[PDB]
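Just one chain follows, in the form deposited in one PDB entry, and it is written as structure tokens.
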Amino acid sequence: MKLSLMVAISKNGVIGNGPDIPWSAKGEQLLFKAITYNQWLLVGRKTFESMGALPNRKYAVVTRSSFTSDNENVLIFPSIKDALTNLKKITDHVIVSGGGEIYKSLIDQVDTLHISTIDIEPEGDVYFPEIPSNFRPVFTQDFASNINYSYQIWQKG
């Protein structure tokens, strides 16, 4: 099973402020929607509750609480090891899609990074983890918008 990771990171490393992404970069959302289309996303409970289950994708959510869902495209797991063990039974690809805790737990085990760098230095308390040294960028594309962003893909090895 391949693991990808997708994130939008501002210039100071901030990805979140409380439950919110502290910016709106028009157009950036399209990258996320396009790459995650009909994919399994692995997300932490906080991100999942805040974002909700968008249509046309499937969610593996980790929680230590009794959090539940009645959406047929959502699976709730008590641990990451348990999410990954079960996902490997039904898919060959999972996209880690946040938040801070989940990115930090899994970045050493992912194969491909999708990083949109957002041209802003906002206030926030949720940061993206340091990127392991064996990752290298293989593709870059700049976008001009209300807030500028740059999309970059990284491969391990």
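Only residues modelled in both forms are compared. Under this definition, the rigid core comprises the largest set of C-alpha atoms superposing within 1.5 Å between the forms. Numbers follow the displayed sequence, beginning with 1.
Heads up, the form deposited in another entry isn't pictured, but that's what we're talking about next.
With the core fitted between this form and the one not shown, just one of 141, 146, 17, 134 shows a Cα displacement of at least 2 Å, namely 17. In that other deposited form, the CA atoms of residue 8 and residue 16 come closer by at least 3 angstroms compared with the shown structure. Whereas the displayed form keeps them at a certain spacing, the CA atoms of residue 131 and residue 22 lie at least 3 angstroms farther apart in that other deposited form. Taking only residues common to both forms and fitting on the rigid core, the CA shifts of 2 Å or more between this form and the one not shown cluster into a single run of 3 or more residues at 16-23.
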